[PDB]
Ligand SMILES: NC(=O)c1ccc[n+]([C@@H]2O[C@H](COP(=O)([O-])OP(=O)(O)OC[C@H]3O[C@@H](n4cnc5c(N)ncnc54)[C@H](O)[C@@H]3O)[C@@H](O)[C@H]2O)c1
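What follows is a single chain, given as structure tokens, in the form solved without nicotinamide-adenine-dinucleotide.
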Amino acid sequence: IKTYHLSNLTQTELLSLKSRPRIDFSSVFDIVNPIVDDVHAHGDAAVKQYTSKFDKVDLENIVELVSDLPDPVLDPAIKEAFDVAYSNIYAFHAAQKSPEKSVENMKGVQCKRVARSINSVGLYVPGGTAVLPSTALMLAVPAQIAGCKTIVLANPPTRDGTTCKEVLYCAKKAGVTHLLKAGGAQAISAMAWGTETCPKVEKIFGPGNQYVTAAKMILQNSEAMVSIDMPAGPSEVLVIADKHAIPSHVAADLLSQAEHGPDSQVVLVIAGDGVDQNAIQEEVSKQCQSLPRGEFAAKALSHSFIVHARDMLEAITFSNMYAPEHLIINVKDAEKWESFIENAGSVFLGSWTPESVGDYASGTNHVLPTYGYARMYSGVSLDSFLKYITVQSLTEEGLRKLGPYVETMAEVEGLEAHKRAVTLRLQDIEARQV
């Protein structure tokens, strides 16, 4: 409910706004380490125990090959909607391919950067009661485009043990190879180390909850030889609204984020004068009462806050400091403010572009950096699933011309074998002129 005016604040007060409520992950590591170690040591049996324990389901086989599962049949309207998403997500991400053009800054010194897919990747889509086929498209489409050979999707089952069929449809469309019917730390460990039946993966994506996230943090510093997309905290939106924003559409934007759960973070920034803060707030109350996830949204909004900025430059400056997962800019001429944005996972410009268009189908990626990590991490993209290999090839003339400079730098550095690798080659070359 809290309201702040940027003119009222000291440098110390600013800073407490920039930082999210502390999550002590050390605490969460203590809970997660035994689970990670158990799966590491005892494999599928251990995974089955934790799945029985936490998801209250007992599994025969925790992994299946997706190409052996039947094509599920969906309501045609539902199917077409996910085909549209797929199509837009596919096109946005395919357009991120780098051309691989060679640089020749001196004659005969040809260098280039080429993309190779990460061979094996693991994707975490939360499950049980959550039905998250959208996240499945977000992780698997760019994997598919990148060409990854093994694609493990981890998706904890419903209370009976049934795979969410929309997720499965999405997984089949994006070439997921393996479906791992587990969640939690236990699923992260199984992909990081591999098991009797779950392939070992080289990189793991999707933030899951704070327990998934902790295991990812832990396993990236372990011997498992696994990298992750990014660390994480709760989901967030920051909305900037000016007097041209419709109060009820602003309210709906706040609740759209709030309904993700009690820990979602909402920030309303009011840029300029003439905005009816009251109407927005009342409109939030009215809309919240009919939401089936209204209890979640209300718990979330109990630690939301409002910020008054006297102008749009101040609003954006505050948003840059904050570094929001999602940024909504509902102000006149929103597009013009783009070159002022420095830190945000994803940006929604104007009045017709709610967060859920990006959550589902605009084509951008919704697995975005939270907690302030947009300061140095990007949302998942095609490049998240590639390594770039640098290549250089010299001709004789190139080495003739570049070698001496190399000789010089190696001497300066005290590295004489580095020098001789070149000199010995130059001797051979000069020896073959008569």
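Residue numbers here begin at 1 and follow the sequence given.
This protein has a second form, the form solved in complex with nicotinamide-adenine-dinucleotide, left out of what is shown; the following refers to that one.
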TL;DR on 178 to 186, 77 to 85, 314 to 322, 218 to 226: the one with heavy atoms within 4.5 Å of nicotinamide-adenine-dinucleotide in the deposited bound form is 178 to 186
Among the candidate residues 195, 330, 264, 364, which is the single one with a non-hydrogen atom no more than 4.5 Å from nicotinamide-adenine-dinucleotide in the deposited bound form? 264
Using heavy atoms only and a 4.5 Å cut-off, determine which of 252, 109, 275, 132 is in contact with nicotinamide-adenine-dinucleotide in the deposited bound form. 132
I'd like to know if residue 92 sits close to nicotinamide-adenine-dinucleotide in the deposited bound form, meaning any non-hydrogen atom pair within 4.5 angstroms. no
Hey, in the deposited bound form, is residue 370 touching nicotinamide-adenine-dinucleotide, heavy atoms inside 4.5 Å? yes
Close approach of residue 301 to nicotinamide-adenine-dinucleotide in the deposited bound form, 4.5 Å, heavy atom: no
Since only the chain is shown here, I'm wondering whether residue 337 would be in contact with nicotinamide-adenine-dinucleotide in the deposited bound form (any heavy atom pair within 4.5 Å). no
